[PDB]
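The structure appears right after this line, and notes come after that.
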Amino acid sequence: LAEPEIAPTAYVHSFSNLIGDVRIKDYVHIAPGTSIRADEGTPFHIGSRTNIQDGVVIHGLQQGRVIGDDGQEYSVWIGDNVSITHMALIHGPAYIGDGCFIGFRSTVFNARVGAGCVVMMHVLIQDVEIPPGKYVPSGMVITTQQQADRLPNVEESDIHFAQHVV
Amino acid sequence: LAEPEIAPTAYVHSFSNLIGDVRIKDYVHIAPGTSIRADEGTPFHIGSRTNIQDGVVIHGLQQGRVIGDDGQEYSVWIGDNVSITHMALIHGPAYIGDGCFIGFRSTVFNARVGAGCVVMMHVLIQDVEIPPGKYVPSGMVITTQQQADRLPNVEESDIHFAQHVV
Amino acid sequence: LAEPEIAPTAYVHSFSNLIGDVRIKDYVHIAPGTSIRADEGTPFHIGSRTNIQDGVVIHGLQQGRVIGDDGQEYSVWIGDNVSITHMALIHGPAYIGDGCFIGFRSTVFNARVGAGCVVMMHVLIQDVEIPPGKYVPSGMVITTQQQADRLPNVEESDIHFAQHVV
Ligand SMILES: [Cl-]
Ligand SMILES: [Cl-]
Ligand SMILES: [Cl-]
Ligand SMILES: [Cl-]
Ligand SMILES: [Mg+2]
Ligand SMILES: [Zn+2]
Ligand SMILES: [Zn+2]
Ligand SMILES: [Zn+2]
């Protein structure tokens, strides 16, 4: 496999299992107890200032890609200023836009989550595109585009909550 | 504890925490970031060509067994050609039949899942027997036999989905 | 960071990632595959005879504390005789009282769970106080005090179930 590209200012804990073509930008913080393996789906991108918390798994399917902001194909693209919090599962093909909060134990698989979404705890997002700036309440199981199209806009209280966690 | 029995063609990543009387058959693939410990409930069986993905925990209660296909008692029996996908929890007593798909973050505990079931994501299966060839939609919490008895049959689209993941 | 205080009779598996001011009392059993890190929120307390099972993450927010039974501030306080079972997430600020059962894949975050509660599987408890002696059925997503105030009392069958798991 190709080697990870780790920006000089990124922090990757030695207990993180990081393998393959994972392109990690400035000031990223990857906790211990994380798995980020581009051994099937590849490449991955993790944007600047993004935090990947303990218990997270990031993996991808061999087949299936999203378009990154650079126009290249990725198995997993996670933008800048994203929080991928404890126990989240980000499974390619997946795009998570800048500034998203992905709350505890939530999954994004075969999906696009637009910039500035606040996804709460114990959520499943699969097989859909969520436009920018939407809020997903805890426990929701979003598997159809019709559900995704009903989601409310992020309100100030949702941003404040996400800020208080991160 | 007894030692694992690892078939010559099985792959067990060095980062897997594999302990005790775990009987692993041909062409099994056990990922890093897995825990498969027969230190309480024992023995375990993992059938041929089965894949155990990163984030999975397989454990068992000291008391409580299922009958394996060899007539012996097991804490956990996982059949041939099974996919135990990311973050699944298989907790003995548990039987998972040949060809099952157990989707991301799903739990099987004190239960029997018949051959050829397709269990989707974020599912709980506990204290029930699911007959062969049933589909469990994402997010379902199955804790009673009445619920298990309502499950739909696997359709071609469900098999195709499972095939596309695996 | 400060070092953990590990009682002479406590068992902490060498594969546990235990860091910081974590105060672990008599006969605690911490499994492999656990993460218990007081590197942000601190301190933590884990009371006597408590079991922390494989797959658990215990972490805390830098800001936000609960009052422990000693009157001191903690990010996470887990009492005596508690079972924190596989894949549970206990995230500070959090108080879990003596004798609680926290079932598989359940989360307690920014919450107080009174002594003697039985919390089942795939539960979210967030932003609430649960009084002592309540039962939380599997799959419940408790995010408001109104929901917490509706919970049933633990019945003998719930205690028996918890006993059969632990
Ligand atoms: Cl973390
Ligand atoms: Cl999980
Ligand atoms: Cl894997
Ligand atoms: Cl354990
Ligand atoms: Mg883990
Ligand atoms: Zn995968
Ligand atoms: Zn166990
Ligand atoms: Zn945290």
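Protein chains in written order, with PDB author numbering: chain A, 17 to 182; chain A', 17 to 182; chain A'', 17 to 182. A prime marks a further copy of an entry chain. We put the CB at the ideal spot given by N, CA and C, even for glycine.
Residue i - partner residues in DSSP beta bridges
| i | result |
| --- | --- |
| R39/A'' | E21/A'', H61/A'' |
| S173/A' | Bridge partners of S173/A': none, in fact. |
| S30/A' | Looking at the DSSP assignment, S30/A' forms no beta bridge with any residue, so it has no partner. |
| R53/A | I35/A |
| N67/A' | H45/A', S99/A' |
| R128/A' | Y111/A', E145/A' |
| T123/A' | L105/A', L140/A' |
| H75/A | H107/A |
| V92/A'' | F60/A'', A110/A'' |
| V134/A' | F117/A', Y151/A' |
| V82/A' | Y90/A' |
| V182/A'' | DSSP output for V182/A'' lists no bridge partner at all. |
Within chain A'', partners of residue i - CB distance below 8 Å
| i | result |
| --- | --- |
| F125/A' | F120, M137 |
| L167/A' | Result: empty, since nearest Cβ-Cβ is about 16 Å, beyond 8 Å. |
Within chain A'', the residues that residue i reaches when beta carbons sit closer than 9 Å
| i | result |
| --- | --- |
| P48/A | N33, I35, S51, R53 |
Within chain A', partners of residue i - CB distance below 9 Å
| i | result |
| --- | --- |
| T58/A | The premise fails here: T58/A is roughly 15 Å from chain A' at the closest Cβ pair, so nothing lies under 9 Å. |
| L17/A | By Cβ distance, chain A' contributes nothing, its closest Cβ being about 13 Å from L17/A, past 9 Å. |
Identity of the residue in the options nearest residue i by Cα
| i | options | result |
| --- | --- | --- |
| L140/A | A110/A, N169/A, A131/A | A110/A |
| residue 186/A'' | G113/A'', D143/A'', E89/A'', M137/A'' | A question about residue 186/A'' goes unanswered here, because the residues of chain A'' that appear run from 17 up to 182. |
| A178/A'' | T159/A'', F120/A'', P59/A'', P148/A'' | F120/A'' |
| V134/A | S51/A, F117/A, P148/A, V124/A | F117/A |
| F31/A | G49/A'', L105/A'', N169/A'' | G49/A'' |
| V82/A' | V144/A', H138/A', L105/A' | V144/A' |
| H75/A | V38/A, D86/A, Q163/A | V38/A |
| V181/A' | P147/A, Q162/A, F125/A | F125/A |
| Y151/A | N169/A, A47/A, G63/A | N169/A |
| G63/A | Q163/A, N33/A, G115/A | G115/A |
| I40/A'' | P20/A'', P148/A'', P147/A'' | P20/A'' |
Under 7 Å from the C-beta of residue i: neighbouring residues of chain A''
| i | result |
| --- | --- |
| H75/A' | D70, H102 |
Under 8 Å between C-beta atoms of residue i and residue j
| i | j | result |
| --- | --- | --- |
| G80/A'' | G57/A'' | yes |
| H61/A' | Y90/A' | yes |
| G71/A'' | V28/A' | no |
| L77/A | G36/A | no |
| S154/A | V157/A'' | yes |
| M136/A | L105/A'' | no |
| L17/A | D55/A | yes |
| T160/A'' | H138/A | no |
| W93/A | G84/A | yes |
| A127/A | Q142/A | yes |
Neighbour list for residue i in chain A, Cβ cutoff strictly below 9 Å
| i | result |
| --- | --- |
| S154/A' | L140, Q142, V157, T159 |
Under 8 Å from the C-beta of residue i: neighbouring residues of chain A
| i | result |
| --- | --- |
| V181/A' | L77 |
| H107/A'' | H102, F120 |
For this session: Determine, using beta-carbon pairs with one atom in the stretch 161-179 of chain A' and one in the stretch 22-37 of chain A'', whether at least three such pairs fall under 8 Å.
Result: no
Problem set entry | Three CB pairs or more closer than 8 Å across the stretch 97-105 of chain A' and the stretch 61-68 of chain A' | yes
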